[PDB]
Each structure stands twice: as C-alpha cells, then as structure tokens.
J.: 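I have a structure I would like to understand better, so I am pasting it below and will then ask my questions one at a time.
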Amino acid sequence: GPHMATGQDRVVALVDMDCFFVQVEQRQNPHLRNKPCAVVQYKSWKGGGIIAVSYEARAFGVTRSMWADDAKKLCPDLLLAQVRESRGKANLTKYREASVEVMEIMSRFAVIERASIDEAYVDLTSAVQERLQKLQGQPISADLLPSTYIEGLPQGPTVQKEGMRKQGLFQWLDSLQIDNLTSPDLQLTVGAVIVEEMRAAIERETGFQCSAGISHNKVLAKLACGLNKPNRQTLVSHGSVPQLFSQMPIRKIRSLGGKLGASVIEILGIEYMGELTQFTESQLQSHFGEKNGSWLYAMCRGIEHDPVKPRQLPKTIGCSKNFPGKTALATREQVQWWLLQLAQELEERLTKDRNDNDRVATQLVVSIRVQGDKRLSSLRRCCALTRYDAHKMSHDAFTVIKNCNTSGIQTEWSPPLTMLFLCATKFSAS
DNA sequence: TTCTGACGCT
DNA sequence: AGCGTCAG
Ligand SMILES: Nc1nc2c(ncn2[C@H]2C[C@H](O)[C@@H](COP(=O)(O)NP(=O)(O)OP(=O)(O)O)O2)c(=O)[nH]1
Ligand SMILES: [Mg+2]
Ligand SMILES: [Mg+2]
C-alpha cells in the first residue's frame, strides 16, 4: 500500500484538433462553415477518398476511408473540399502549415511532443506547480472550467448534456474544496484550467477548435480526449480508472487496436481493459514479452511512464503514392518519371525545412510495393542524401531499386510497381 | 485505387 | 540495415 506507486506524478494533456483538415478548409472558405462537409484526396475514382469529416456530416454516417460517391448516398447535401494536387500527387502542405500554427501556440505554455499532424502531448507538471503557488490557497471556480468534463461524474445522489456536465464538475470541485480529493486530483484540476487557456488561445489565434484530455500519462490523456469531442476537454483522474476500464474494450487503448490487442483478448479470454488486473506481471510477460507484459500490468491499473518527448518537429520528411490495380507502373520510363515527381516534392519540403529548422537530412530511404503483395512495403533500401537535388535524389533512388526488376527487357518493369515512397531521415544540425 | 509518420524487432 | 506494427 504505502510503497505502491500510483502513477500520479505528472500532469499530461493531449490536444487534438476537431475534424482538422475540414476546419482548415472551412477557415479558408466561409461557404463551408457549419455545414456537412468532408475533405477528399483525388476525384476521378469514386469521387475521391474521404480523409476528414465535419461533425454535421458524421451525423449522416459519413466517415474517414469512405469514397465520396458513397458518402453522397448517405448525405446528398455533403460539401467536399479536395486536397491540393501537385506533380500528379496529393500535396498536404496547407495542413502541415496549419499544424505548425497550432503547435507554436501550444509551445508557449509548455514542452510538447507532436504526435501527428493535428495533435500534441503536453507535460504540464511544472506549469501546474507554478499556478498552484500563485493561487495562495484560493478555491477553483467552475467558471475557470467552462468546457471541462469530469469522467465518471456526476454519480450517486438535469436531462440536458450541459447540465450533466456542470453537475459533474460541481461534485468534483466540491470534493477538492472540502479537501476530500487528493493532491494529484488538485494538480489535474489546475492542469485542466491551463488547458482551457491553451485551447482558448488556439481558437482565438487560428480560428480552429480542438478537444483535449487531461490525466497523469499519455495513454489516459489520449483516451480522455476522445470521450467528449468536439470542442470539449475531459479530465480522467486516477480514481476514475477502475470504473472506466471495467467496460472499456481492450482495442480502445493506444497500441492495442491491432494484432497484439487481438492476442491479449484471444489468449487471456477477456474483453475489457480492467480484466487485465487479474493476471500477475509474470503471466503477462510470459504471453506478450517482457516489455509488453510490464506495460500491460501497469496500464490496466492506470499507470504508464512514457515521457512526453521534447519534439515539436517531425523526425522524417517523406512522400509516397500508390499505383493501384491497372495504374501499376510497368515501364522503366514510368518509374523514373514518378520518382522524379516524388523527388521534386521532397526537395521543396526539405529546402523549406532546412531554412526554417536549421537541420539537414542525411539519409534517403526508398520503398516500393510490387503487384500482389499485401504488405505496405515489399522492399526498403537506403542511400546517402548528400544534396537537396530532385534529379540526383530520383536518380539515386532508381539506382537502389533497379535490381528488383525481373523483366528481361531493359524498358519493361516487372513485376509492375503499385507504390513508390521516398523518405528523408537522419537529420543533423545545420 | 490514400498518404503519411513513430517505433519495435532482429 | 531491413522488415513489421500501429494510428490515423
Ligand atoms: N493522407 C491522409 N490523411 C489522413 C488520413 N486519416 C486522417 N488524416 C488527416 C485528416 C485529419 O483531419 C487529420 C487528423 O487526424 P484525426 O485527428 O485522427 N481526425 P480529425 O482531426 O479529422 O477528426 P477528430 O479528431 O475530431 O475525430 O489527419 C489518411 O488515411 N490519409
Ligand atoms: Mg483530430
Ligand atoms: Mg488526431
């Protein structure tokens, strides 16, 4: 008991933009605002593949990974914005730039770890300590938490969503004020106050809305964030974990949504995260390996030690294009022209990266898929990246992959290529 | 018929 | 180094 760590040492938040690419397009084009709308890549095949969906369109059942022609069947008035196309491929530049706008605001409050194009973890532990001392013992008003939910409340002894939110918040604050709650619970609450401030700054300065999770570690903060989207933030306390996890499907937890999560369910014969507490650490290590076993044992108790890494900028810069079915590249000339198109986009992005961020990539990774392979990559080869030159890069990439071609004729490529990917990696200060 | 990007294993 | 997993 007294020596058992509870993982309540940090305050961590996860901030994630609401329907991010849609808001970027809605900021630019006011005709799209407050409408069912979606962002697609390409257009010819089935109207384009949807990658982002406004909450209004979600109500009609429109989702990511849906073809726009199918989406239009559920939502006839669906409005569509198309990703920019350059050199015959999708160009995500506008969204990466919007992302930087948001990340730079977040970094004013605390150290952040970019987790994707539209989300970052925040380590608020230090910021909270400072705000606590400033207060002098002052109680925390509900007015400071106008968009916060407390997961698990209200409980015990209104029929509208906002009323339920407030009743939960009141129960929580009443407990802190009394002194019923822990120091950790106070720290989380102050963390939520700062997170309100951060989300207000993002909205004021970019126009974009986001949601957030506040908890003691990255896994819980990420889980919390999704509980009340859009435009809300959720506090998940250590105390809330047993009830929360008791009916939480294992797949909902970050990293368990794939094959490992399926094996946990299958091997142990359980469904919910909370059921993991029955097993000893050694039992879990036996089935899932020393690292996974230790992580699972702690995680199902709400505990996780993964640090928020001080990293705002992506570690790699890459671009890729699929060539599905009949579009598969079947000639040497085709392969070279597309390697050049990818190389040109990469050069432009690398050159900008070097001016903005004082660094240079030193390795070029080339990846391809051959027709008939399920694997995202069939083959990956690296070479030196010594100069930001698209012609040189595309020539080098061709050099490293040319041996894969089995075709007896120099001009033909076999098997035909279904994917090309060029990635710049191994950055060094410049 | 998507286009990324982080990280683990060997 | 090259391959796989995971999350969108
Ligand atoms: N190229 C590409 N971009 C994608 C893909 N999937 C998502 N994106 C892009 C488009 C997304 O806007 C963005 C952020 O990813 P989320 O936060 O997972 N989705 P969102 O913020 O839209 O909604 P909410 O968080 O409120 O549910 O990444 C994809 O498969 N391919
Ligand atoms: Mg998002
Ligand atoms: Mg996201």
Side-chain angles (χ1 to χ4, degrees), chain A residues 14 16-17 19-21 38-53 63-70 82-96 99 113-121 218-219 222-223 225-226 251-263 288-292 295 306-307 309 311 313-329 342 345-346 349 363-369 371 373-384 400-401 404 416-427:
Chain A
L14 184 273
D16 183 284
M17 309 308 297
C19 49
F20 184 46
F21 288 19
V39 170
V40 297
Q41 305 185 109
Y42 305 109
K43 214 79 184 70
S44 291
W45 180 261
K46 296 179 141 67
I50 288 166
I51 61 175
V53 185
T63 70
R64 157 180 194 279
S65 299
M66 187 174 275
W67 296 109
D69 289 346
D70 298 331
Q82 188 180 345
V83 170
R84 180 189 297 130
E85 203 172 308
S86 306
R87 306 170 193 92
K89 72 179 292 293
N91 170 1
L92 304 177
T93 299
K94 185 197 303 182
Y95 314 107
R96 293 191 181 98
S99 177
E113 178 183 339
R114 179 195 200 270
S116 78
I117 196 159
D118 89 317
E119 74 208 77
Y121 296 91
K218 295 163 73 176
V219 167
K222 172 73 174 161
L223 184 66
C225 179
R251 72 179 175 276
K252 309 295 189 180
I253 277 50
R254 182 196 63 182
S255 80
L256 301 183
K259 288 176 182 190
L260 172 65
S263 66
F288 312 114
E290 187 176 313
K291 181 177 188 174
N292 288 337
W295 184 86
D306 187 40
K309 283 86 184 172
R311 187 185 53 73
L313 309 160
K315 294 182 118 126
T316 64
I317 294 181
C319 57
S320 69
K321 180 173 177 51
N322 292 351
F323 302 94
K326 180 177 175 287
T327 56
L329 312 186
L342 283 181
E345 175 187 322
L346 188 56
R349 287 170 63 189
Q363 187 171 63
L364 177 73
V365 177
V366 191
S367 182
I368 66 178
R369 189 159 145 174
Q371 207 157 44
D373 194 333
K374 179 183 181 296
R375 302 179 293 170
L376 196 56
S377 169
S378 294
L379 186 88
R380 204 213 72 166
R381 292 288 188 269
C382 60
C383 60
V400 304
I401 73 165
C404 264
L417 301 188
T418 52
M419 183 273 297
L420 296 174
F421 191 176
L422 293 180
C423 185
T425 71
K426 300 201 179 301
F427 283 91

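Chain letters run A, B, ... following the sequence lines, proteins first and then strands; every chain starts at 1. Keep in mind that the numbers below use all heavy atoms, side chains included, and drop hydrogens, waters and symmetry copies.
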J.: Indicate, with a heavy-atom threshold strictly under 4.0 Å, whether A/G325 touches base, sugar-phosphate, or nothing.
T.: nothing
J.: Are there over 12 heavy-atom neighbours, none belonging to A/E85, within less than 6.0 Å of that residue's CD?
T.: yes
J.: Considering only heavy atoms and no angle criterion, is a donor-acceptor pair shorter than 3.5 Å present between the side chain of A/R64 and the base of C/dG8?
T.: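 It does, because a donor-acceptor pair links the side chain of A/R64 to the base of C/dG8 below 3.5 Å.
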J.: From the 5' end of DNA chain B to its 3' end, which nucleotides mark the outer limits of contact with chain A, defined by a 4.0 Å heavy-atom distance cut-off (strictly under)?
T.: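 That gives a stretch of B/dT1 to B/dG8.
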J.: Let me spell it out: for each of A/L342 and A/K291, pick the nucleotide of DNA chain B with the closest heavy atom. Which residue's pick is nearer the 5' end?
T.: A/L342
J.: So, does A/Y42 use its side chain to make a donor-acceptor pair with the main chain of A/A90 at under 3.5 Å?
T.: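 Yes, A/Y42 side chain to A/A90 backbone: donor-acceptor pair under 3.5 Å.
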J.: Quick one: on DNA chain B, does A/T316 or A/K321 contact a more 5' nucleotide (nearest heavy atom)?
T.: A/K321
J.: Would you classify A/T327 as touching base, sugar-phosphate or nothing, given that sugar-phosphate means primed atoms plus P, OP1 and OP2, and contacts are heavy atoms under 4.0 Å?
T.: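 Touches nothing.
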J.: Measure the distance from NZ on A/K259 to P on C/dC3 and round it to the nearest whole Å.
T.: 16 Å
J.: Roughly how far, to the nearest 0.5 Å, is CG of A/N91 from CD of A/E345?
T.: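 Reported value, rounded in 0.5 Å steps: 5.0 Å.
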J.: Please report the distance, rounded to the nearest Å, between NZ in A/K218 and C1' in C/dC6.
T.: 14 Å
J.: What is the distance, to the nearest angstrom, from the CG atom on A/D373 to the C1' atom on C/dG2?
T.: 14 Å
J.: Once salt bridge (charged side-chain N to carboxylate O under 4.0 Å, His left out) is applied, do any residues pair with A/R114, and if so which ones, sequence neighbours excluded?
T.: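 Not a single residue meets the salt bridge (charged side-chain N to carboxylate O under 4.0 Å, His left out) criterion with A/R114.
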J.: Checking all strands, does A/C319 fall into the base, sugar-phosphate, or nothing category for heavy-atom contacts under 4.0 angstrom?
T.: sugar-phosphate
J.: Using a cut-off of strictly less than 4.0 Å, decide whether A/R375 has a side-chain nitrogen or oxygen near OP1 or OP2 of C/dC3.
T.: no
J.: When you measure from the side chain of A/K309 to the backbone N and O of A/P307, does any donor-acceptor pair fall under 3.5 Å?
T.: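 Yes; at least one donor-acceptor contact below 3.5 Å.
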J.: For A/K46, report the nucleic acid contact type (base, sugar-phosphate, nothing); a contact means any heavy atom under 4.0 Å.
T.: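 No contact at all - A/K46 keeps every heavy atom at 4.0 Å or more from the nucleic acid.
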J.: Does A/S377 or A/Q363 map to a spot on DNA chain C nearer the 5' end, using the closest nucleotide for each?
T.: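 So the residue in question is A/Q363.
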J.: Any salt bridge between A/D306 and A/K218, counting N to O under 4.0 Å?
T.: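 The answer is yes: the pair qualifies as a salt bridge.
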J.: Answer with base, sugar-phosphate or nothing: what part of the nucleic acid does A/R349 contact at a heavy-atom distance below 4.0 Å?
T.: sugar-phosphate
J.: Whole angstroms only, please: what is the CD1-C1' distance between A/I253 and C/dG8?
T.: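 In whole Å, C/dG8 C1' lies 17 Å from A/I253 CD1.
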J.: Touch check for A/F421, heavy atoms < 4.0 angstrom, all strands: base, sugar-phosphate only, or nothing?
T.: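 Touches nothing.
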J.: Can you check the A/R380 CZ to C/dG4 P distance for me, whole Å?
T.: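 Taking CZ of A/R380 and P of C/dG4, I get 11 Å after rounding.
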J.: Just to be sure I understand the rule, does A/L376 reach a base, reach only the sugar-phosphate, or reach nothing, if contact means heavy atoms closer than 4.0 Å?
T.: base
J.: What's the separation between atom OG in A/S99 and atom CG in A/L92, rounded to the nearest 0.5 Å?
T.: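 Here the rounded value is 11.5 Å.
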J.: What's A/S116 touching, base or sugar-phosphate or nothing? Going by heavy atoms closer than 4.0 Å.
T.: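 Nothing, no nucleic acid heavy atom in range.
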J.: About how many Å separate CD1 of A/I253 and CH2 of A/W295, when rounded to the nearest 0.5 Å?
T.: 7.5 Å
J.: Looking at every strand, decide which applies to A/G49 at a 4.0 Å heavy-atom threshold: base, sugar-phosphate, or nothing.
T.: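 No contact.
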J.: Rounding to an integer number of Å, can you tell me how far A/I50 CD1 sits from C/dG8 P?
T.: 18 Å
J.: Classify the nucleic acid contact of A/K326 as base, sugar-phosphate or nothing, counting any heavy atom under 4.0 Å across all strands shown.
T.: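 Counting heavy atoms under 4.0 Å across all strands, no contact is made by A/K326.
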